[PDB]
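> Please find upload-v6.pdb (PDB, C-alpha atoms (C1' of nucleotides) and all ligand atoms) on the next line:
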MODEL        1
ATOM      1  CA  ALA A   1     -42.200 -68.958 -42.098  1.00  0.00           C
ATOM      2  CA  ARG A   2     -44.354 -65.944 -42.952  1.00  0.00           C
ATOM      3  CA  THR A   3     -41.995 -62.984 -42.643  1.00  0.00           C
ATOM      4  CA  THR A   4     -44.825 -60.452 -42.168  1.00  0.00           C
ATOM      5  CA  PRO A   5     -48.405 -60.960 -40.909  1.00  0.00           C
ATOM      6  CA  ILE A   6     -51.304 -60.922 -43.358  1.00  0.00           C
ATOM      7  CA  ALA A   7     -52.719 -57.776 -41.759  1.00  0.00           C
ATOM      8  CA  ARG A   8     -49.447 -55.870 -42.290  1.00  0.00           C
ATOM      9  CA  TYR A   9     -49.608 -55.971 -46.103  1.00  0.00           C
ATOM     10  CA  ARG A  10     -50.587 -52.969 -48.240  1.00  0.00           C
ATOM     11  CA  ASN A  11     -50.948 -53.637 -51.979  1.00  0.00           C
ATOM     12  CA  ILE A  12     -51.201 -50.185 -53.569  1.00  0.00           C
ATOM     13  CA  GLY A  13     -50.810 -48.447 -56.902  1.00  0.00           C
ATOM     14  CA  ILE A  14     -49.587 -44.947 -57.765  1.00  0.00           C
ATOM     15  CA  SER A  15     -51.869 -43.634 -60.525  1.00  0.00           C
ATOM     16  CA  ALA A  16     -52.239 -40.189 -62.103  1.00  0.00           C
ATOM     17  CA  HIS A  17     -51.952 -37.949 -65.161  1.00  0.00           C
ATOM     18  CA  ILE A  18     -48.646 -37.830 -67.038  1.00  0.00           C
ATOM     19  CA  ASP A  19     -45.792 -36.316 -65.007  1.00  0.00           C
ATOM     20  CA  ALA A  20     -47.986 -35.955 -61.930  1.00  0.00           C
ATOM     21  CA  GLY A  21     -45.185 -37.215 -59.667  1.00  0.00           C
ATOM     22  CA  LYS A  22     -45.779 -40.966 -59.533  1.00  0.00           C
ATOM     23  CA  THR A  23     -42.184 -42.026 -60.153  1.00  0.00           C
ATOM     24  CA  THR A  24     -40.802 -39.276 -57.920  1.00  0.00           C
ATOM     25  CA  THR A  25     -43.132 -40.294 -55.090  1.00  0.00           C
ATOM     26  CA  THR A  26     -42.065 -43.907 -55.578  1.00  0.00           C
ATOM     27  CA  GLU A  27     -38.400 -42.886 -55.409  1.00  0.00           C
ATOM     28  CA  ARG A  28     -38.932 -40.922 -52.200  1.00  0.00           C
ATOM     29  CA  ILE A  29     -40.897 -43.862 -50.762  1.00  0.00           C
ATOM     30  CA  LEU A  30     -37.970 -46.168 -51.507  1.00  0.00           C
ATOM     31  CA  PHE A  31     -35.507 -43.674 -50.003  1.00  0.00           C
ATOM     32  CA  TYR A  32     -37.479 -43.170 -46.781  1.00  0.00           C
ATOM     33  CA  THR A  33     -38.006 -46.937 -46.476  1.00  0.00           C
ATOM     34  CA  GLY A  34     -34.255 -47.390 -46.955  1.00  0.00           C
ATOM     35  CA  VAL A  35     -34.143 -49.732 -49.954  1.00  0.00           C
ATOM     36  CA  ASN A  36     -32.757 -46.903 -52.142  1.00  0.00           C
ATOM     37  CA  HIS A  37     -29.554 -45.177 -51.028  1.00  0.00           C
ATOM     38  CA  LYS A  38     -29.906 -42.245 -53.470  1.00  0.00           C
ATOM     39  CA  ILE A  39     -33.029 -40.233 -54.260  1.00  0.00           C
ATOM     40  CA  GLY A  40     -32.153 -39.614 -57.913  1.00  0.00           C
ATOM     41  CA  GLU A  41     -34.464 -37.777 -60.279  1.00  0.00           C
ATOM     42  CA  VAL A  42     -36.502 -38.844 -63.291  1.00  0.00           C
ATOM     43  CA  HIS A  43     -35.410 -36.187 -65.787  1.00  0.00           C
ATOM     44  CA  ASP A  44     -31.778 -37.309 -65.358  1.00  0.00           C
ATOM     45  CA  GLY A  45     -32.766 -40.969 -65.773  1.00  0.00           C
ATOM     46  CA  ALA A  46     -31.699 -42.017 -62.264  1.00  0.00           C
ATOM     47  CA  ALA A  47     -35.189 -43.214 -61.285  1.00  0.00           C
ATOM     48  CA  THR A  48     -35.232 -46.906 -60.395  1.00  0.00           C
ATOM     49  CA  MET A  49     -38.812 -47.463 -61.575  1.00  0.00           C
ATOM     50  CA  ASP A  50     -37.870 -46.091 -65.015  1.00  0.00           C
ATOM     51  CA  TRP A  51     -35.517 -48.998 -65.650  1.00  0.00           C
ATOM     52  CA  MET A  52     -36.191 -49.525 -69.362  1.00  0.00           C
ATOM     53  CA  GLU A  53     -33.970 -47.632 -71.780  1.00  0.00           C
ATOM     54  CA  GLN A  54     -36.929 -45.806 -73.322  1.00  0.00           C
ATOM     55  CA  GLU A  55     -38.074 -44.672 -69.880  1.00  0.00           C
ATOM     56  CA  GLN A  56     -34.581 -43.501 -68.934  1.00  0.00           C
ATOM     57  CA  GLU A  57     -34.132 -41.543 -72.162  1.00  0.00           C
ATOM     58  CA  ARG A  58     -37.607 -40.018 -72.525  1.00  0.00           C
ATOM     59  CA  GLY A  59     -38.378 -39.388 -68.846  1.00  0.00           C
ATOM     60  CA  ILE A  60     -41.665 -41.334 -68.889  1.00  0.00           C
ATOM     61  CA  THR A  61     -42.893 -44.599 -67.392  1.00  0.00           C
ATOM     62  CA  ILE A  62     -44.102 -47.017 -70.085  1.00  0.00           C
ATOM     63  CA  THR A  63     -44.488 -50.132 -67.911  1.00  0.00           C
ATOM     64  CA  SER A  64     -46.165 -50.984 -64.625  1.00  0.00           C
ATOM     65  CA  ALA A  65     -43.237 -51.583 -62.263  1.00  0.00           C
ATOM     66  CA  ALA A  66     -43.908 -53.441 -59.014  1.00  0.00           C
ATOM     67  CA  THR A  67     -41.672 -53.197 -55.962  1.00  0.00           C
ATOM     68  CA  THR A  68     -41.902 -53.694 -52.209  1.00  0.00           C
ATOM     69  CA  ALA A  69     -40.921 -51.583 -49.206  1.00  0.00           C
ATOM     70  CA  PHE A  70     -41.023 -51.805 -45.403  1.00  0.00           C
ATOM     71  CA  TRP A  71     -42.537 -48.866 -43.501  1.00  0.00           C
ATOM     72  CA  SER A  72     -42.818 -48.388 -39.742  1.00  0.00           C
ATOM     73  CA  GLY A  73     -43.740 -44.707 -39.628  1.00  0.00           C
ATOM     74  CA  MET A  74     -42.512 -41.180 -39.158  1.00  0.00           C
ATOM     75  CA  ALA A  75     -42.050 -41.929 -35.438  1.00  0.00           C
ATOM     76  CA  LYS A  76     -41.465 -45.675 -35.967  1.00  0.00           C
ATOM     77  CA  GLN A  77     -45.011 -46.004 -34.653  1.00  0.00           C
ATOM     78  CA  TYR A  78     -45.898 -49.435 -36.047  1.00  0.00           C
ATOM     79  CA  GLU A  79     -44.218 -52.735 -36.710  1.00  0.00           C
ATOM     80  CA  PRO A  80     -42.933 -52.662 -40.308  1.00  0.00           C
ATOM     81  CA  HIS A  81     -45.842 -53.018 -42.702  1.00  0.00           C
ATOM     82  CA  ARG A  82     -44.900 -54.328 -46.140  1.00  0.00           C
ATOM     83  CA  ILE A  83     -46.221 -52.085 -48.914  1.00  0.00           C
ATOM     84  CA  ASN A  84     -46.321 -53.713 -52.344  1.00  0.00           C
ATOM     85  CA  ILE A  85     -46.339 -50.575 -54.501  1.00  0.00           C
ATOM     86  CA  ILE A  86     -46.813 -50.545 -58.262  1.00  0.00           C
ATOM     87  CA  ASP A  87     -45.812 -47.481 -60.271  1.00  0.00           C
ATOM     88  CA  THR A  88     -48.205 -47.367 -63.223  1.00  0.00           C
ATOM     89  CA  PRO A  89     -47.917 -45.360 -66.459  1.00  0.00           C
ATOM     90  CA  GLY A  90     -50.239 -42.368 -66.633  1.00  0.00           C
ATOM     91  CA  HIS A  91     -50.059 -42.172 -70.421  1.00  0.00           C
ATOM     92  CA  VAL A  92     -53.356 -42.658 -72.223  1.00  0.00           C
ATOM     93  CA  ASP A  93     -51.234 -44.633 -74.693  1.00  0.00           C
ATOM     94  CA  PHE A  94     -50.532 -47.206 -71.935  1.00  0.00           C
ATOM     95  CA  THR A  95     -53.924 -47.748 -70.297  1.00  0.00           C
ATOM     96  CA  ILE A  96     -53.791 -51.542 -70.181  1.00  0.00           C
ATOM     97  CA  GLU A  97     -50.862 -51.333 -67.759  1.00  0.00           C
ATOM     98  CA  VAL A  98     -52.835 -49.294 -65.233  1.00  0.00           C
ATOM     99  CA  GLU A  99     -55.981 -51.403 -65.731  1.00  0.00           C
ATOM    100  CA  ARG A 100     -53.941 -54.615 -65.442  1.00  0.00           C
ATOM    101  CA  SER A 101     -52.389 -53.573 -62.142  1.00  0.00           C
ATOM    102  CA  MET A 102     -55.465 -51.857 -60.743  1.00  0.00           C
ATOM    103  CA  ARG A 103     -57.431 -55.098 -61.067  1.00  0.00           C
ATOM    104  CA  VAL A 104     -55.187 -56.901 -58.583  1.00  0.00           C
ATOM    105  CA  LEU A 105     -54.246 -54.033 -56.266  1.00  0.00           C
ATOM    106  CA  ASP A 106     -56.113 -53.368 -53.019  1.00  0.00           C
ATOM    107  CA  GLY A 107     -55.627 -49.592 -52.884  1.00  0.00           C
ATOM    108  CA  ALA A 108     -54.674 -46.618 -55.010  1.00  0.00           C
ATOM    109  CA  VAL A 109     -52.774 -43.435 -54.256  1.00  0.00           C
ATOM    110  CA  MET A 110     -54.082 -41.042 -56.906  1.00  0.00           C
ATOM    111  CA  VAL A 111     -51.509 -38.318 -57.495  1.00  0.00           C
ATOM    112  CA  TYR A 112     -52.678 -34.846 -58.508  1.00  0.00           C
ATOM    113  CA  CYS A 113     -50.553 -31.896 -59.566  1.00  0.00           C
ATOM    114  CA  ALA A 114     -51.235 -28.986 -57.227  1.00  0.00           C
ATOM    115  CA  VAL A 115     -51.410 -26.672 -60.249  1.00  0.00           C
ATOM    116  CA  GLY A 116     -53.378 -28.699 -62.792  1.00  0.00           C
ATOM    117  CA  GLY A 117     -55.163 -30.962 -60.340  1.00  0.00           C
ATOM    118  CA  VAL A 118     -57.653 -33.217 -62.096  1.00  0.00           C
ATOM    119  CA  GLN A 119     -56.465 -33.864 -65.659  1.00  0.00           C
ATOM    120  CA  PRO A 120     -57.687 -36.148 -68.473  1.00  0.00           C
ATOM    121  CA  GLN A 121     -55.611 -39.197 -67.536  1.00  0.00           C
ATOM    122  CA  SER A 122     -56.323 -38.615 -63.855  1.00  0.00           C
ATOM    123  CA  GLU A 123     -59.979 -38.959 -64.854  1.00  0.00           C
ATOM    124  CA  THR A 124     -59.135 -42.063 -66.904  1.00  0.00           C
ATOM    125  CA  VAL A 125     -57.409 -43.849 -64.026  1.00  0.00           C
ATOM    126  CA  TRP A 126     -60.265 -42.650 -61.807  1.00  0.00           C
ATOM    127  CA  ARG A 127     -62.756 -44.491 -64.015  1.00  0.00           C
ATOM    128  CA  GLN A 128     -60.588 -47.617 -64.047  1.00  0.00           C
ATOM    129  CA  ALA A 129     -60.256 -47.619 -60.256  1.00  0.00           C
ATOM    130  CA  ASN A 130     -63.986 -46.960 -59.873  1.00  0.00           C
ATOM    131  CA  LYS A 131     -64.951 -49.903 -62.073  1.00  0.00           C
ATOM    132  CA  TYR A 132     -62.583 -52.097 -60.054  1.00  0.00           C
ATOM    133  CA  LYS A 133     -64.221 -50.698 -56.872  1.00  0.00           C
ATOM    134  CA  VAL A 134     -60.920 -50.129 -55.065  1.00  0.00           C
ATOM    135  CA  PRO A 135     -60.290 -47.784 -52.105  1.00  0.00           C
ATOM    136  CA  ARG A 136     -58.363 -44.600 -52.871  1.00  0.00           C
ATOM    137  CA  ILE A 137     -56.336 -41.978 -51.104  1.00  0.00           C
ATOM    138  CA  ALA A 138     -55.129 -38.845 -52.890  1.00  0.00           C
ATOM    139  CA  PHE A 139     -51.696 -37.204 -52.913  1.00  0.00           C
ATOM    140  CA  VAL A 140     -51.600 -33.593 -54.098  1.00  0.00           C
TER     141      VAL A 140
ATOM    142  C1'   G B   1       0.793 -20.185-111.199  1.00  0.00           C
ATOM    143  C1'   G B   2      -2.628 -18.300-115.651  1.00  0.00           C
ATOM    144  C1'   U B   3      -2.485 -14.434-119.419  1.00  0.00           C
ATOM    145  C1'   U B   4      -0.620 -13.027-124.276  1.00  0.00           C
ATOM    146  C1'   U B   5       7.408 -12.857-126.903  1.00  0.00           C
ATOM    147  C1'   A B   6      11.245 -15.682-128.557  1.00  0.00           C
ATOM    148  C1'   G B   7      12.403 -23.140-128.056  1.00  0.00           C
ATOM    149  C1'   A B   8       9.796 -27.737-128.760  1.00  0.00           C
ATOM    150  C1'   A B   9       5.976 -31.266-129.593  1.00  0.00           C
ATOM    151  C1'   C B  10       0.601 -33.419-130.141  1.00  0.00           C
ATOM    152  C1'   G B  11      -4.456 -32.950-132.632  1.00  0.00           C
ATOM    153  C1'   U B  12      -6.536 -30.093-136.615  1.00  0.00           C
ATOM    154  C1'   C B  13      -6.238 -26.501-140.875  1.00  0.00           C
ATOM    155  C1'   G B  14      -2.733 -25.289-145.201  1.00  0.00           C
ATOM    156  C1'   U B  15       0.961 -27.529-150.896  1.00  0.00           C
ATOM    157  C1'   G B  16       4.003 -24.344-147.807  1.00  0.00           C
ATOM    158  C1'   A B  17       5.966 -20.535-144.751  1.00  0.00           C
ATOM    159  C1'   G B  18       2.776 -20.844-140.638  1.00  0.00           C
ATOM    160  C1'   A B  19      -2.043 -20.801-137.719  1.00  0.00           C
ATOM    161  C1'   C B  20      -6.071 -22.353-133.766  1.00  0.00           C
ATOM    162  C1'   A B  21     -11.622 -18.926-127.440  1.00  0.00           C
ATOM    163  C1'   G B  22      -7.247 -26.295-128.697  1.00  0.00           C
ATOM    164  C1'   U B  23      -3.659 -28.615-125.512  1.00  0.00           C
ATOM    165  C1'   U B  24       1.465 -29.737-123.400  1.00  0.00           C
ATOM    166  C1'   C B  25       6.632 -28.978-121.347  1.00  0.00           C
ATOM    167  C1'   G B  26      10.369 -24.447-120.310  1.00  0.00           C
ATOM    168  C1'   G B  27      10.713 -19.357-119.925  1.00  0.00           C
ATOM    169  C1'   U B  28      14.653 -11.766-116.660  1.00  0.00           C
ATOM    170  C1'   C B  29       8.563  -8.378-112.755  1.00  0.00           C
ATOM    171  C1'   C B  30      13.625  -2.108-112.556  1.00  0.00           C
ATOM    172  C1'   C B  31      13.408   2.562-109.473  1.00  0.00           C
ATOM    173  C1'   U B  32      18.235   5.580-103.154  1.00  0.00           C
ATOM    174  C1'   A B  33      10.800   9.192-102.465  1.00  0.00           C
ATOM    175  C1'   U B  34      11.236  15.806-104.446  1.00  0.00           C
ATOM    176  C1'   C B  35       5.816  17.107-103.422  1.00  0.00           C
ATOM    177  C1'   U B  36       0.972  15.451-101.421  1.00  0.00           C
ATOM    178  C1'   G B  37      -0.832  11.571 -97.961  1.00  0.00           C
ATOM    179  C1'   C B  38       0.180   8.698 -93.654  1.00  0.00           C
ATOM    180  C1'   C B  39       2.957   6.806 -89.113  1.00  0.00           C
ATOM    181  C1'   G B  40       6.367   8.593 -85.339  1.00  0.00           C
ATOM    182  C1'   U B  41       9.686  12.467 -83.771  1.00  0.00           C
ATOM    183  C1'   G B  42      11.937  17.014 -82.786  1.00  0.00           C
ATOM    184  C1'   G B  43      13.925  22.447 -83.807  1.00  0.00           C
ATOM    185  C1'   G B  44      11.896  28.080 -84.319  1.00  0.00           C
ATOM    186  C1'   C B  45       8.650  31.520 -82.797  1.00  0.00           C
ATOM    187  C1'   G B  46       4.090  32.679 -80.679  1.00  0.00           C
ATOM    188  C1'   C B  47       0.620  32.696 -76.630  1.00  0.00           C
ATOM    189  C1'   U B  48       2.616  40.292 -74.557  1.00  0.00           C
ATOM    190  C1'   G B  49       8.173  40.474 -67.905  1.00  0.00           C
ATOM    191  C1'   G B  50      10.880  35.639 -67.331  1.00  0.00           C
ATOM    192  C1'   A B  51      10.727  30.697 -65.307  1.00  0.00           C
ATOM    193  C1'   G B  52       9.198  25.615 -62.874  1.00  0.00           C
ATOM    194  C1'   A B  53       5.348  22.374 -62.160  1.00  0.00           C
ATOM    195  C1'   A B  54       0.125  20.694 -61.772  1.00  0.00           C
ATOM    196  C1'   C B  55      -4.166  20.644 -64.400  1.00  0.00           C
ATOM    197  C1'   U B  56      -8.763  22.032 -67.458  1.00  0.00           C
ATOM    198  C1'   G B  57     -11.147  20.378 -71.153  1.00  0.00           C
ATOM    199  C1'   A B  58     -12.665  22.134 -76.942  1.00  0.00           C
ATOM    200  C1'   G B  59     -11.449  18.465 -80.225  1.00  0.00           C
ATOM    201  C1'   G B  60      -9.574  13.693 -81.986  1.00  0.00           C
ATOM    202  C1'   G B  61      -8.544   8.556 -81.834  1.00  0.00           C
ATOM    203  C1'   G B  62      -9.141   3.433 -79.430  1.00  0.00           C
ATOM    204  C1'   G B  63     -12.764  -0.191 -77.770  1.00  0.00           C
ATOM    205  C1'   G B  64     -17.808  -2.099 -78.842  1.00  0.00           C
ATOM    206  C1'   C B  65     -17.592  -9.640 -80.995  1.00  0.00           C
ATOM    207  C1'   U B  66     -19.722 -14.020 -79.193  1.00  0.00           C
ATOM    208  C1'   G B  67     -20.540 -19.626 -78.371  1.00  0.00           C
ATOM    209  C1'   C B  68     -21.421 -23.479 -74.938  1.00  0.00           C
ATOM    210  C1'   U B  69     -22.923 -25.642 -69.660  1.00  0.00           C
ATOM    211  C1'   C B  70     -25.968 -24.708 -65.406  1.00  0.00           C
ATOM    212  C1'   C B  71     -30.024 -22.082 -62.529  1.00  0.00           C
ATOM    213  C1'   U B  72     -34.980 -19.906 -63.211  1.00  0.00           C
ATOM    214  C1'   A B  73     -37.040 -24.941 -64.846  1.00  0.00           C
ATOM    215  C1'   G B  74     -39.138 -30.077 -66.665  1.00  0.00           C
ATOM    216  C1'   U B  75     -41.082 -23.792 -65.294  1.00  0.00           C
ATOM    217  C1'   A B  76     -44.737 -21.184 -69.244  1.00  0.00           C
ATOM    218  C1'   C B  77     -46.919 -23.644 -73.542  1.00  0.00           C
ATOM    219  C1'   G B  78     -48.637 -28.468 -74.670  1.00  0.00           C
ATOM    220  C1'   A B  79     -53.822 -34.560 -74.018  1.00  0.00           C
ATOM    221  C1'   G B  80     -49.142 -36.184 -74.822  1.00  0.00           C
ATOM    222  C1'   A B  81     -44.421 -36.047 -77.296  1.00  0.00           C
TER     223        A B  81
HETATM  224  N1  LIG C 201     -41.000 -29.183 -58.980  1.00  0.00           N
HETATM  225  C1  LIG C 201     -41.435 -30.440 -58.886  1.00  0.00           C
HETATM  226  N2  LIG C 201     -41.099 -31.324 -59.823  1.00  0.00           N
HETATM  227  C2  LIG C 201     -41.610 -32.546 -59.588  1.00  0.00           C
HETATM  228  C3  LIG C 201     -42.403 -32.950 -58.536  1.00  0.00           C
HETATM  229  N3  LIG C 201     -42.717 -34.293 -58.655  1.00  0.00           N
HETATM  230  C4  LIG C 201     -42.118 -34.671 -59.760  1.00  0.00           C
HETATM  231  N4  LIG C 201     -41.430 -33.659 -60.376  1.00  0.00           N
HETATM  232  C5  LIG C 201     -40.678 -33.712 -61.643  1.00  0.00           C
HETATM  233  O1  LIG C 201     -41.605 -33.680 -62.713  1.00  0.00           O
HETATM  234  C6  LIG C 201     -41.228 -34.632 -63.731  1.00  0.00           C
HETATM  235  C7  LIG C 201     -42.275 -35.714 -63.823  1.00  0.00           C
HETATM  236  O2  LIG C 201     -42.449 -36.348 -62.539  1.00  0.00           O
HETATM  237  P1  LIG C 201     -42.261 -37.924 -62.390  1.00  0.00           P
HETATM  238  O3  LIG C 201     -41.912 -38.207 -60.982  1.00  0.00           O
HETATM  239  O4  LIG C 201     -41.375 -38.421 -63.468  1.00  0.00           O
HETATM  240  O5  LIG C 201     -43.745 -38.450 -62.672  1.00  0.00           O
HETATM  241  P2  LIG C 201     -44.611 -39.470 -63.589  1.00  0.00           P
HETATM  242  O6  LIG C 201     -44.049 -39.302 -64.985  1.00  0.00           O
HETATM  243  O7  LIG C 201     -46.047 -39.003 -63.477  1.00  0.00           O
HETATM  244  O8  LIG C 201     -44.395 -40.859 -63.034  1.00  0.00           O
HETATM  245  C8  LIG C 201     -39.825 -35.104 -63.360  1.00  0.00           C
HETATM  246  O9  LIG C 201     -38.840 -34.263 -63.947  1.00  0.00           O
HETATM  247  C9  LIG C 201     -39.825 -34.969 -61.838  1.00  0.00           C
HETATM  248  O10 LIG C 201     -38.510 -34.772 -61.331  1.00  0.00           O
HETATM  249  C10 LIG C 201     -42.754 -31.989 -57.541  1.00  0.00           C
HETATM  250  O11 LIG C 201     -43.449 -32.170 -56.542  1.00  0.00           O
HETATM  251  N5  LIG C 201     -42.217 -30.747 -57.806  1.00  0.00           N
HETATM  252 MG    MG C 202     -42.848 -40.757 -64.356  1.00  0.00          MG
HETATM  253 MG    MG C 203     -41.616 -35.225 -69.813  1.00  0.00          MG
HETATM  254 MG    MG C 204      14.828 -14.878-126.964  1.00  0.00          MG
HETATM  255 MG    MG C 205       7.348 -21.208-131.171  1.00  0.00          MG
HETATM  256 MG    MG C 206     -15.095   9.212 -78.763  1.00  0.00          MG
HETATM  257 MG    MG C 207     -14.179   4.255 -83.283  1.00  0.00          MG
HETATM  258 MG    MG C 208     -33.826 -30.145 -66.048  1.00  0.00          MG
HETATM  259 MG    MG C 209     -41.078 -36.695 -79.555  1.00  0.00          MG
ENDMDL
END
Would you mind writing the file out in structure tokens?

Amino acid sequence: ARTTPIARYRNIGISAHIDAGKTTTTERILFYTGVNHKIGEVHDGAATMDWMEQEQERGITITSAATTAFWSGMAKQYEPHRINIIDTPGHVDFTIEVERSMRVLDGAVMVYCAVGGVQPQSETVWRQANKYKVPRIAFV
RNA sequence: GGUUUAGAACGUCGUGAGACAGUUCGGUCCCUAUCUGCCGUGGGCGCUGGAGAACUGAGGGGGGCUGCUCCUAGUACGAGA
């Protein structure tokens, strides 16, 4: 009945400053987990997370988009864990979306630009995740 | 085509012939280039015995325009846009 065991579930968010690479990382995650047959790119509007017309045209994520992927590993090490990822908007003008998601999620991948690193909205999502007391990993 | 000839009519002015930075219809645009100039093209002589070819380069002319798409690069800049 249960397609995957309880232990093999990973509810995570991808949170960061604007244009830190959240949607691109989500697209590569979907590609390497096989659900997406083309990598696409955000600035051409081919990103799957940026499904709304405004997101496609303006190159930004305005909504928290939740999807699910199956990951075994680089070397197929593990039985397929199911990662429930949510791509959140790093805009300070959409903070309720990230707070909304981050309440329910169990982990956060905080993305940081290698050049800019910690930025204002990275600090904002940091505070939100801290008040929700969630575990974090970081992706530079 | 307009502008200003000769015809005709409207409005207005005048008694009238006629007239109007008023309008309307119709109304003949000539020249075989001597010289200069210019574009090409040769004949004569010269360049120091004659001739055939290859050049040199003074000097002169020609040409010089620019959009859009992509990469750099969603890069620099920008809280973002
Ligand atoms: N050069 C480069 N561009 C990236 C990288 N990650 C994302 N981008 C581009 O940077 C822009 C913003 O990244 P995006 O994935 O949309 O991030 P988000 O807006 O923070 O969710 C897009 O044009 C991406 O294609 C990266 O690691 N290197
Ligand atoms: Mg994005
Ligand atoms: Mg952008
Ligand atoms: Mg006559
Ligand atoms: Mg008359
Ligand atoms: Mg010259
Ligand atoms: Mg010249
Ligand atoms: Mg581009
Ligand atoms: Mg704008």
> Within 12 Å of ligand MG 202 (chain C) (counting all atoms listed in the file), which residues show up? I'd like them as a PyMOL selection string.
(chain A and resi 14-27+41-51+54-65+87-91+111) or (chain B and resi 74)
> Using all atoms listed in the file, which of A:132, A:126, A:94, A:139 sits nearest chain B?
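The closest residue to chain B is A:94.
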> Can you work out which residues from chain B touch chain A at a cut-off of 12 Å (counting all atoms listed in the file) and hand them back as a list in words?
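So the contacting residues turn out to be residues 73, 74, 75, 79, 80 and 81 of chain B.
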> Any chance you could resolve the PyMOL selection byres (((not hetatm)) within 12 of (chain C and resi 207)) against this file and give the residues as a list in words?
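That expression, the PyMOL selection byres (((not hetatm)) within 12 of (chain C and resi 207)), corresponds here to residues 60, 61, 62, 63 and 64 of chain B.
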> If I put a ball of radius 10 Å at (-0.8, -31.6, -131.3) in the file's coordinates, which residues poke into it when counting all atoms listed in the file, written as a PDB file with C-alpha atoms (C1' of nucleotides), in the coordinates of the input?

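Written out: selection21.pdb:
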ATOM      1  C1'   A B   9       5.976 -31.266-129.593  1.00  0.00           C
ATOM      2  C1'   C B  10       0.601 -33.419-130.141  1.00  0.00           C
ATOM      3  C1'   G B  11      -4.456 -32.950-132.632  1.00  0.00           C
ATOM      4  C1'   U B  12      -6.536 -30.093-136.615  1.00  0.00           C
ATOM      5  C1'   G B  22      -7.247 -26.295-128.697  1.00  0.00           C
ATOM      6  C1'   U B  23      -3.659 -28.615-125.512  1.00  0.00           C
ATOM      7  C1'   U B  24       1.465 -29.737-123.400  1.00  0.00           C
TER       8        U B  24
END
